[PDB]
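Provided below as structure tokens are two forms of one protein chain, presented individually as structure 1 and structure 2.
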Structure 1
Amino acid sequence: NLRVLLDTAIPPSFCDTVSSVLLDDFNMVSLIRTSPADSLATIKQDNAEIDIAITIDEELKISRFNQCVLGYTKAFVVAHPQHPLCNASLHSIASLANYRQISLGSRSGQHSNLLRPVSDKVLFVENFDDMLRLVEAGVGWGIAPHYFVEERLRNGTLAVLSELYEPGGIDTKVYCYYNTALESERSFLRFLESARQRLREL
């Protein structure tokens, strides 16, 4: 009955708030997980037929889809603890362009201004697991969700560079692209109010 997309930047607990509420208001609900780079691309395929998409990727004026914001989530710039930029007593973002970045997506296929790699030296990866596997190996630095790096930080396995730029992580809007048709449905509005309220708690 309903098909929903959540990118891998949405913390898992939110994928839970979406499930419980939609299943309450609809008969059948389908869930798909994709990288934030592949989120908007997936819903644009005519054969996809995806009704809702919850992602951080920004892109205004999408056919058949309207946009709104559900809340926020945090993301950190991370690098191997012994990475050079960690040891730099003073941290800056202007300098990161000079080091290799482990980013998402592919070279072919445009990246939104949000996920576009900053560095000239870039190494792409399919998911967040592969990014950290290389970053922990000191290959480079990357931008990951809070929940995806919460443990590796607690255990000193990984460092943070974003504390000067935005302490406590870098707030990222969480957009909800909803098929324009759903706008006239009492069930959908009930989903937003609840989904947003639950998302605030974090």
Structure 2
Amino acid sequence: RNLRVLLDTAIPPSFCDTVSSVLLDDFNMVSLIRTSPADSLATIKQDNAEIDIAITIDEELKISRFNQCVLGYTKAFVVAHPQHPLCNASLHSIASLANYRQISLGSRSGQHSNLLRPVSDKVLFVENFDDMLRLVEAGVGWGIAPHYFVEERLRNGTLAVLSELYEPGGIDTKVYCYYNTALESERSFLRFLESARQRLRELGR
């Protein structure tokens, strides 16, 4: 039947291309759906959503009808205006992120997970990463965005990284694959998982 897949907006396009191309080798109908990382898990837990697979970075221990595995790894950076008060990016600043305003992703359910829940008390929720960085470039507050979403801005100087001393080279973020328990026995899914994983390791190095 039709296979409904969910890819949050934190998944790099290279991951999206690999997932889409591999799925087409096995399945004959695939529905790709984009969502916010803060709304990914909340969506699959909706019975009426009938989501079969969900590629997202949000982490949750046990979800009914779904099993969790790891597909690959991506990077994420704490970014702010180049003239933000925390531009020194020292250790005292990284600890003081809880005191400044954060531009975090808002969840339709209003509740977040430990991974995506904002760190500071002053928070300004949004719906996507474009609205986030639009406010970050304005100096309103700092945020967390994937690498591919800020690589252009970093080289253009319009943004700066603040999380280099927390985790050099970026904040390694796992990309999970939540798949309905019904798929654990179908070889079609196993072929996709092994191929997508292998193609991602090749693209990783």
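Each residue is numbered by where it sits in the sequence of structure 1, with counting from 1. Think of the rigid core as the biggest set of C-alphas that the two forms share within 1.5 Å after superposition. Shifts are known only where both forms have a C-alpha.
**Student:** I want to make sure I read this right: if the two forms are fitted on their rigid core, which of 111, 100, 74, 91 has a C-alpha displacement of 2 angstroms or more between structures 1 and 2?
**Tutor:** C-alpha shift of at least 2 Å: 91.
**Student:** Please give the CA displacement of residue 61 between structures 1 and 2, in Å, after core superposition.
**Tutor:** So the C-alpha of this residue moves 1.0 Å.
**Student:** After the core superposition, state the residue ranges of at least 3 consecutive residues in which each CA shifts by 2 Å or more between structures 1 and 2.
**Tutor:** Three-plus residue runs displaced between structures 1 and 2: 87 to 93, 106 to 109, 198 to 202.
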